[PDB]
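Visitor: Next up is a structure, given as structure tokens.
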Amino acid sequence: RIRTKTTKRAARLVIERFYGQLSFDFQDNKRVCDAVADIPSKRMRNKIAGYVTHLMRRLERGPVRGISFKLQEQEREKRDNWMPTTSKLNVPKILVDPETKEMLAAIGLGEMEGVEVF
Amino acid sequence: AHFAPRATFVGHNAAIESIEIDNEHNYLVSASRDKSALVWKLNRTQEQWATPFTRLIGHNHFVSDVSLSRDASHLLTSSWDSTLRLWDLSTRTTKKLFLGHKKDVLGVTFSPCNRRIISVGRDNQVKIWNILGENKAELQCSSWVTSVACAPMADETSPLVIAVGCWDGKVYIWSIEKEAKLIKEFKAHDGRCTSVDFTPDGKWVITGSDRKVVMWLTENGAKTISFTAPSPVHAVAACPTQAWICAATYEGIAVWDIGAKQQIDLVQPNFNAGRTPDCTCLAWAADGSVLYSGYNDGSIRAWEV
RNA sequence: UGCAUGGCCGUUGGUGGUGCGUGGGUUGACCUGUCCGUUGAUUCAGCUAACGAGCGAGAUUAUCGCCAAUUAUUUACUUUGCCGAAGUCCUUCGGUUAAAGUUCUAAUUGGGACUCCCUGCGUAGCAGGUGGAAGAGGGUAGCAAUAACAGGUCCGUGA
């Protein structure tokens, strides 16, 4: 009782396009996958909808690999774009190890105003 | 104010889709996914609240919605079977079935005055039947139709207002009189519009997929107010008497006081990697005494303020 | 003459297998694609000098089991009513183009079960349980890849 490559690769392609429909319940999603996709048989849609339900209660959780459903693509862009106030790169004293100070002598940039050793 | 657990009672093995209560008190009917719809009768005596009275075996799928006469005599009920069934209340026995509607039928109401049967489902049309059992009007819409409700009273002469909530997003409102001309049409919900009910007075209407219960105007349209539910809600139903409105989330039932403009309460009773029961329908009694809610495992729970 | 052959069939083996396009590895036969868990299964999952299309498996077809729509008073029955025979105050038989039907009977269109649900174990899935007509490919069959056996048949044929 494993789901084959055709019914998985359909069921991922359904959730691609129509996450705006669908629910946690099976008996709803069964009736969706008639209208969404022309399918020859009855048994096919029960196994497609059976995985479409399975992925929904995985999706109520961290984001599933190899699937992208348009609401999260919008949400990732907002979560991506913004960047917090301040550089966050200024201590601003900046601690530095004893040997790495002697490097900053050898470059020719000691008396930097960034503090030393410990 | 908040309200304590009065009584769980069960006689129903699969889930419950819808639930409705006959006039005054005694006799509520829980349409069931089992395809069998019971009617109960209410003792309200200590340990048992109710005990089951009939079973309506007839449909060949789940029973979607259930709707009642003003008398509590001749109730009607629909299923995904694509038919409806008038059932004599006292002797069961289907009185007459309905034939015409193509796909699974999701929603039924009467009028106030036992005039027009309003079936609806996934052929994208609100059919209006006669009480005799023949098709009068065939209204139209874009997508599937989950739910309907009817404006209270109207004294016969007044148009009897039919709010509708669709699968795509849109919310239609219609008059009747004779031709049935829609008062207004709007993109009421962002994605999926689950469930529709009226305010008792009927100035306002209620609809709400995107975790947002939104009240709208009956005439013409556009929003009064928009609340935000915690998690997405399956049924909505306002109180008859007092100024409440209530909404069946996963996490509980979010009790808005409408004037104070906030959730005063959230009532779920206590019970890894499981869903655990949702509540898929509400039903206020006609007095505004008691709040019934039908659940996903197959139980019903009563609370009284 | 089946050791000259066509077709057809059994078998290796109905097991899970088979091999193309472009790319890479090798002087080359050739390899890679076609490799730590899961499944009846090269079944899926994921690793990854390979990526992408196939065929077989699955899907589909047939039937058995459960449903309710659609028809049937001269090809199936049932209920009620009539007229008989016995019993002899209400029970059982036989008959009836005679009124209503469909629980049995007959057969078409659809519905139904998906690991969906809950709990354990380990994402793929697995074990148990509730309900359910039916629960793990629902049962049983049918169809069945490439590559060959000097297996069989010139006593099937106007091969």
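Residue numbers start at 1 in each chain; chains themselves are named A, B, ... in the order of the structure tokens; ligands are numbered from 1 in the order shown.
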With only C-alpha atoms (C1' of nucleotides) as the counted atoms, please give the residues lying no more than 6 Å from segment 115-117 of chain A, apart from itself and same-chain residues fewer than 5 positions off, as a PyMOL selection string.
Guide: chain A and resi 93-98
Visitor: Please report as a list in words which residues of chain A come no farther than 10 Å from chain C, using only C-alpha atoms (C1' of nucleotides).
Guide: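 Using only C-alpha atoms (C1' of nucleotides), chain A residues at most 10 Å from chain C: residues 1, 2, 3, 4, 5, 6, 7, 8, 24, 25, 26, 27, 30, 40, 41, 43, 44, 45, 46, 47, 48, 49, 50, 51, 53, 54, 58, 64 and 65 of chain A.
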Visitor: Export, as a short mmCIF file (atom, residue, chain, number, x, y, z; two decimals), in the first residue's frame, the selected residues with N, CA, C and O atoms.
Guide:
```cif
data_model
loop_
_atom_site.label_atom_id
_atom_site.label_comp_id
_atom_site.auth_asym_id
_atom_site.auth_seq_id
_atom_site.Cartn_x
_atom_site.Cartn_y
_atom_site.Cartn_z
N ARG A 1 0.85 -1.23 0.00
CA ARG A 1 0.00 0.00 0.00
C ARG A 1 0.87 1.26 0.00
O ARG A 1 0.78 2.11 0.90
N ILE A 2 1.72 1.37 -1.02
CA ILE A 2 2.53 2.57 -1.28
C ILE A 2 1.88 3.33 -2.43
O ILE A 2 1.27 2.74 -3.32
N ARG A 3 2.02 4.65 -2.39
CA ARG A 3 1.53 5.52 -3.45
C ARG A 3 2.59 5.69 -4.52
O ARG A 3 3.75 6.01 -4.22
N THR A 4 2.20 5.48 -5.78
CA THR A 4 3.14 5.37 -6.89
C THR A 4 3.60 6.75 -7.36
O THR A 4 3.11 7.77 -6.89
N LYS A 5 4.57 6.78 -8.28
CA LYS A 5 5.16 8.04 -8.75
C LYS A 5 4.16 8.95 -9.47
O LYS A 5 4.31 10.17 -9.43
N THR A 6 3.16 8.37 -10.13
CA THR A 6 2.15 9.16 -10.86
C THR A 6 1.19 9.90 -9.92
O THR A 6 0.87 11.07 -10.17
N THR A 7 0.74 9.24 -8.85
CA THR A 7 -0.24 9.82 -7.93
C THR A 7 0.38 10.80 -6.92
O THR A 7 -0.30 11.70 -6.43
N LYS A 8 1.67 10.63 -6.63
CA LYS A 8 2.45 11.61 -5.86
C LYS A 8 2.69 12.87 -6.68
O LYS A 8 2.47 13.99 -6.21
N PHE A 24 -8.11 19.97 5.68
CA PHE A 24 -7.63 18.74 6.34
C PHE A 24 -8.51 17.52 6.07
O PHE A 24 -8.03 16.39 6.12
N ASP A 25 -9.80 17.74 5.79
CA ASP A 25 -10.76 16.65 5.59
C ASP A 25 -10.61 15.99 4.21
O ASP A 25 -10.39 16.68 3.21
N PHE A 26 -10.75 14.67 4.18
CA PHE A 26 -10.61 13.88 2.95
C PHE A 26 -11.81 14.04 2.01
O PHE A 26 -11.63 14.25 0.81
N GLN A 27 -13.02 13.96 2.57
CA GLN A 27 -14.25 13.90 1.77
C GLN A 27 -14.52 15.17 0.97
O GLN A 27 -15.15 15.12 -0.09
N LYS A 30 -11.38 14.99 -2.03
CA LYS A 30 -11.85 14.02 -3.03
C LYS A 30 -12.71 14.66 -4.12
O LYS A 30 -12.50 14.43 -5.31
N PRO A 40 -9.41 9.54 -15.17
CA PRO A 40 -10.24 8.50 -15.78
C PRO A 40 -11.14 7.77 -14.78
O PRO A 40 -12.36 7.71 -14.98
N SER A 41 -10.55 7.25 -13.71
CA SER A 41 -11.23 6.32 -12.81
C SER A 41 -11.58 6.96 -11.46
O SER A 41 -11.18 8.09 -11.17
N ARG A 43 -11.01 5.16 -8.42
CA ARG A 43 -9.97 4.72 -7.49
C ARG A 43 -8.74 5.64 -7.49
O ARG A 43 -8.13 5.85 -6.44
N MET A 44 -8.39 6.16 -8.67
CA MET A 44 -7.31 7.15 -8.80
C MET A 44 -7.50 8.36 -7.88
O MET A 44 -6.59 8.69 -7.12
N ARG A 45 -8.67 8.99 -7.95
CA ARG A 45 -8.91 10.24 -7.20
C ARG A 45 -8.93 10.04 -5.69
O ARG A 45 -8.54 10.94 -4.94
N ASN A 46 -9.37 8.86 -5.24
CA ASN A 46 -9.32 8.50 -3.82
C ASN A 46 -7.89 8.35 -3.28
O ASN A 46 -7.64 8.66 -2.12
N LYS A 47 -6.98 7.88 -4.13
CA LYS A 47 -5.56 7.79 -3.77
C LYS A 47 -4.80 9.11 -3.96
O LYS A 47 -3.85 9.37 -3.23
N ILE A 48 -5.22 9.93 -4.93
CA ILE A 48 -4.67 11.29 -5.09
C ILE A 48 -5.07 12.15 -3.89
O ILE A 48 -4.22 12.74 -3.23
N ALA A 49 -6.38 12.22 -3.62
CA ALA A 49 -6.91 12.96 -2.48
C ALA A 49 -6.37 12.45 -1.13
O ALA A 49 -6.21 13.24 -0.19
N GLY A 50 -6.11 11.15 -1.05
CA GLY A 50 -5.47 10.53 0.11
C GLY A 50 -4.07 11.02 0.43
O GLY A 50 -3.69 11.06 1.61
N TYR A 51 -3.30 11.38 -0.59
CA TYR A 51 -1.99 12.03 -0.40
C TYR A 51 -2.09 13.54 -0.26
O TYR A 51 -1.26 14.15 0.42
N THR A 53 -4.53 15.09 1.33
CA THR A 53 -4.76 15.17 2.78
C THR A 53 -3.51 14.95 3.62
O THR A 53 -3.28 15.66 4.61
N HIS A 54 -2.71 13.95 3.25
CA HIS A 54 -1.46 13.63 3.97
C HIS A 54 -0.50 14.82 4.00
O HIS A 54 0.09 15.10 5.05
N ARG A 58 1.10 17.50 7.09
CA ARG A 58 2.52 17.85 7.08
C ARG A 58 2.76 19.35 6.96
O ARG A 58 3.67 19.88 7.60
N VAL A 64 7.50 21.81 3.56
CA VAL A 64 7.82 20.50 3.00
C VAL A 64 8.74 20.67 1.79
O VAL A 64 8.60 21.63 1.02
N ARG A 65 9.69 19.75 1.65
CA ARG A 65 10.70 19.81 0.59
C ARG A 65 10.09 19.41 -0.76
O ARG A 65 9.31 18.45 -0.83
#
```
Visitor: Using only C-alpha atoms, what does the table of chain B residues within 8 Å of chain A look like, with each row giving the shortest atom pair and its distance in Å to one decimal, sorted by chain and ascending number, as a Markdown table?
Guide:
```
| residue | atom | partner | partner_atom | distance |
| --- | --- | --- | --- | --- |
| B:167 | CA | A:21 | CA | 7.9 |
| B:191 | CA | A:20 | CA | 6.2 |
| B:192 | CA | A:21 | CA | 7.1 |
```
Visitor: Go ahead and write the selection's residues with N, CA, C and O atoms as a PDB file, in the first residue's frame.
Guide:
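So out36.pdb came out as:
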```pdb
ATOM      1  N   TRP B 167     -17.551  29.123  -2.785  1.00  0.00           N
ATOM      2  CA  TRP B 167     -16.251  28.459  -2.668  1.00  0.00           C
ATOM      3  C   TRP B 167     -15.090  29.345  -3.128  1.00  0.00           C
ATOM      4  O   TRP B 167     -14.000  29.276  -2.559  1.00  0.00           O
ATOM      5  N   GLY B 191     -10.473  34.272   0.222  1.00  0.00           N
ATOM      6  CA  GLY B 191     -10.284  33.010  -0.473  1.00  0.00           C
ATOM      7  C   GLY B 191     -11.494  32.100  -0.575  1.00  0.00           C
ATOM      8  O   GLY B 191     -12.112  31.986  -1.633  1.00  0.00           O
ATOM      9  N   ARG B 192     -11.837  31.452   0.533  1.00  0.00           N
ATOM     10  CA  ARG B 192     -12.965  30.532   0.574  1.00  0.00           C
ATOM     11  C   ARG B 192     -13.995  31.040   1.562  1.00  0.00           C
ATOM     12  O   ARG B 192     -13.640  31.400   2.683  1.00  0.00           O
TER      13      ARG B 192
END
```
Visitor: Using only C-alpha atoms (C1' of nucleotides), tabulate the residues of chain C lying at most 10 Å from any atom of chain B, each with its closest atom pair and that distance in Å to one decimal, by chain and increasing residue number, as a tab-separated table.
Guide:
```
residue	atom	partner	partner_atom	distance
C:67	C1'	B:60	CA	7.0
C:68	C1'	B:60	CA	6.5
C:69	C1'	B:60	CA	9.4
C:110	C1'	B:81	CA	9.9
C:111	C1'	B:60	CA	6.9
C:112	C1'	B:61	CA	9.0
C:117	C1'	B:297	CA	8.8
C:118	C1'	B:274	CA	7.3
C:119	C1'	B:272	CA	8.9
C:130	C1'	B:13	CA	9.7
C:131	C1'	B:13	CA	6.9
C:132	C1'	B:14	CA	10.0
```
Visitor: Include N, CA, C and O atoms (P, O5', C5', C4', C3', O3' and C1' of nucleotides) and write out the residues we just selected as a PDB file, in the first residue's frame.
Guide:
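The file below, selection-v3.pdb, is the result:
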```pdb
ATOM      1  P     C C  67     -27.452  -4.647   1.274  1.00  0.00           P
ATOM      2  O5'   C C  67     -27.335  -3.060   1.336  1.00  0.00           O
ATOM      3  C5'   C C  67     -27.961  -2.225   0.346  1.00  0.00           C
ATOM      4  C4'   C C  67     -27.334  -0.854   0.338  1.00  0.00           C
ATOM      5  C3'   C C  67     -28.087   0.170  -0.492  1.00  0.00           C
ATOM      6  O3'   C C  67     -29.045   0.788   0.359  1.00  0.00           O
ATOM      7  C1'   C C  67     -25.792   0.187  -1.098  1.00  0.00           C
ATOM      8  P     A C  68     -30.611   0.720   0.030  1.00  0.00           P
ATOM      9  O5'   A C  68     -30.994   2.259  -0.120  1.00  0.00           O
ATOM     10  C5'   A C  68     -30.143   3.187  -0.831  1.00  0.00           C
ATOM     11  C4'   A C  68     -30.947   4.029  -1.797  1.00  0.00           C
ATOM     12  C3'   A C  68     -32.317   3.471  -2.190  1.00  0.00           C
ATOM     13  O3'   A C  68     -33.387   4.428  -2.247  1.00  0.00           O
ATOM     14  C1'   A C  68     -30.842   3.402  -4.057  1.00  0.00           C
ATOM     15  P     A C  69     -33.491   5.550  -3.398  1.00  0.00           P
ATOM     16  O5'   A C  69     -33.852   4.704  -4.698  1.00  0.00           O
ATOM     17  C5'   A C  69     -34.726   5.211  -5.727  1.00  0.00           C
ATOM     18  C4'   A C  69     -33.973   6.098  -6.695  1.00  0.00           C
ATOM     19  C3'   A C  69     -34.378   5.950  -8.161  1.00  0.00           C
ATOM     20  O3'   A C  69     -35.451   6.835  -8.468  1.00  0.00           O
ATOM     21  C1'   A C  69     -32.052   5.629  -7.969  1.00  0.00           C
ATOM     22  P     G C 110     -21.575   5.533 -15.322  1.00  0.00           P
ATOM     23  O5'   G C 110     -22.124   6.348 -14.068  1.00  0.00           O
ATOM     24  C5'   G C 110     -21.323   6.528 -12.886  1.00  0.00           C
ATOM     25  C4'   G C 110     -22.184   7.016 -11.748  1.00  0.00           C
ATOM     26  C3'   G C 110     -21.576   6.905 -10.356  1.00  0.00           C
ATOM     27  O3'   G C 110     -20.742   8.014 -10.035  1.00  0.00           O
ATOM     28  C1'   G C 110     -23.688   5.883 -10.340  1.00  0.00           C
ATOM     29  P     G C 111     -19.458   7.812  -9.095  1.00  0.00           P
ATOM     30  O5'   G C 111     -20.101   7.474  -7.677  1.00  0.00           O
ATOM     31  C5'   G C 111     -20.747   8.502  -6.903  1.00  0.00           C
ATOM     32  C4'   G C 111     -21.327   7.928  -5.633  1.00  0.00           C
ATOM     33  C3'   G C 111     -20.336   7.336  -4.644  1.00  0.00           C
ATOM     34  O3'   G C 111     -19.653   8.323  -3.878  1.00  0.00           O
ATOM     35  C1'   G C 111     -22.173   5.874  -4.875  1.00  0.00           C
ATOM     36  P     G C 112     -18.091   8.151  -3.549  1.00  0.00           P
ATOM     37  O5'   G C 112     -18.043   6.817  -2.673  1.00  0.00           O
ATOM     38  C5'   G C 112     -18.682   6.734  -1.382  1.00  0.00           C
ATOM     39  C4'   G C 112     -18.545   5.352  -0.785  1.00  0.00           C
ATOM     40  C3'   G C 112     -17.129   4.805  -0.671  1.00  0.00           C
ATOM     41  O3'   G C 112     -16.542   5.237   0.556  1.00  0.00           O
ATOM     42  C1'   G C 112     -18.556   3.168  -1.641  1.00  0.00           C
ATOM     43  P     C C 117      -5.639  11.693   8.608  1.00  0.00           P
ATOM     44  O5'   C C 117      -6.744  11.050   9.556  1.00  0.00           O
ATOM     45  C5'   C C 117      -7.845  11.828  10.060  1.00  0.00           C
ATOM     46  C4'   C C 117      -8.673  11.011  11.024  1.00  0.00           C
ATOM     47  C3'   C C 117      -7.940  10.439  12.225  1.00  0.00           C
ATOM     48  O3'   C C 117      -7.694  11.440  13.210  1.00  0.00           O
ATOM     49  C1'   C C 117      -9.349   8.781  11.317  1.00  0.00           C
ATOM     50  P     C C 118      -6.191  11.902  13.561  1.00  0.00           P
ATOM     51  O5'   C C 118      -5.944  11.262  14.998  1.00  0.00           O
ATOM     52  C5'   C C 118      -6.908  11.407  16.060  1.00  0.00           C
ATOM     53  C4'   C C 118      -6.992  10.139  16.876  1.00  0.00           C
ATOM     54  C3'   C C 118      -5.685   9.614  17.444  1.00  0.00           C
ATOM     55  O3'   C C 118      -5.250  10.372  18.571  1.00  0.00           O
ATOM     56  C1'   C C 118      -6.896   7.819  16.516  1.00  0.00           C
ATOM     57  P     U C 119      -3.693  10.722  18.771  1.00  0.00           P
ATOM     58  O5'   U C 119      -3.085   9.353  19.310  1.00  0.00           O
ATOM     59  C5'   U C 119      -3.575   8.753  20.524  1.00  0.00           C
ATOM     60  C4'   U C 119      -2.999   7.369  20.703  1.00  0.00           C
ATOM     61  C3'   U C 119      -1.485   7.246  20.604  1.00  0.00           C
ATOM     62  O3'   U C 119      -0.833   7.663  21.804  1.00  0.00           O
ATOM     63  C1'   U C 119      -2.502   5.512  19.356  1.00  0.00           C
ATOM     64  P     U C 130     -11.670  -2.692  17.967  1.00  0.00           P
ATOM     65  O5'   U C 130     -12.330  -1.290  17.602  1.00  0.00           O
ATOM     66  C5'   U C 130     -12.797  -0.413  18.642  1.00  0.00           C
ATOM     67  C4'   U C 130     -13.175   0.932  18.072  1.00  0.00           C
ATOM     68  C3'   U C 130     -14.344   0.936  17.103  1.00  0.00           C
ATOM     69  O3'   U C 130     -15.587   0.850  17.801  1.00  0.00           O
ATOM     70  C1'   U C 130     -12.626   2.434  16.382  1.00  0.00           C
ATOM     71  P     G C 131     -16.726  -0.178  17.322  1.00  0.00           P
ATOM     72  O5'   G C 131     -17.248   0.468  15.962  1.00  0.00           O
ATOM     73  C5'   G C 131     -18.080   1.647  15.964  1.00  0.00           C
ATOM     74  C4'   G C 131     -17.875   2.459  14.704  1.00  0.00           C
ATOM     75  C3'   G C 131     -18.498   1.901  13.436  1.00  0.00           C
ATOM     76  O3'   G C 131     -19.880   2.232  13.346  1.00  0.00           O
ATOM     77  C1'   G C 131     -16.284   2.629  12.987  1.00  0.00           C
ATOM     78  P     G C 132     -20.914   1.190  12.713  1.00  0.00           P
ATOM     79  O5'   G C 132     -20.276   0.865  11.290  1.00  0.00           O
ATOM     80  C5'   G C 132     -20.406   1.777  10.182  1.00  0.00           C
ATOM     81  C4'   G C 132     -19.650   1.261   8.976  1.00  0.00           C
ATOM     82  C3'   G C 132     -20.047  -0.115   8.463  1.00  0.00           C
ATOM     83  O3'   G C 132     -21.236  -0.079   7.675  1.00  0.00           O
ATOM     84  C1'   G C 132     -17.693   0.026   8.579  1.00  0.00           C
TER      85        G C 132
END
```
Visitor: Out of segment 33-112 of chain A, which residues get alpha helix (DSSP H) from DSSP, as number ranges by chain?
Guide: A: 33-36, 42-59, 71-81, 98-106
Visitor: Which parts of segment 16-209 of chain B does DSSP call strand (DSSP E or B) when run on the backbone here, written out as a PyMOL selection string?
Guide: chain B and resi 16-21+28-32+37-45+48-56+63-67+74-79+84-88+92-98+105-107+116-121+125-130+135-138+145-150+162-166+171-174+182-186+196-198+204-207
Visitor: Which neighbours of segment 3-18 of chain C fall inside 10 Å, counting only C-alpha atoms (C1' of nucleotides), when residues of the same chain fewer than 2 positions from it are skipped, and could you give them as a list in words?
Guide: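 Counting only the stated atoms, we get residues 1, 34, 40, 41, 42, 55, 56, 57, 144, 145, 146, 147, 148, 149, 150, 151, 152, 153, 154 and 159 of chain C.
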Visitor: Need the shell around residue 17 of chain B: protein/DNA/RNA residues with any atom at most 10 Å away, counting only C-alpha atoms (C1' of nucleotides). Skip same-chain ones fewer than 3 positions apart. Format as a count of residues only?
Guide: 19
Visitor: Rounded to one decimal, what separation in Å do you get between atom CA of residue 134 of chain B and atom CA of residue 75 of chain B?
Guide: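 Rounded to one decimal, the two atoms are 17.1 Å apart.
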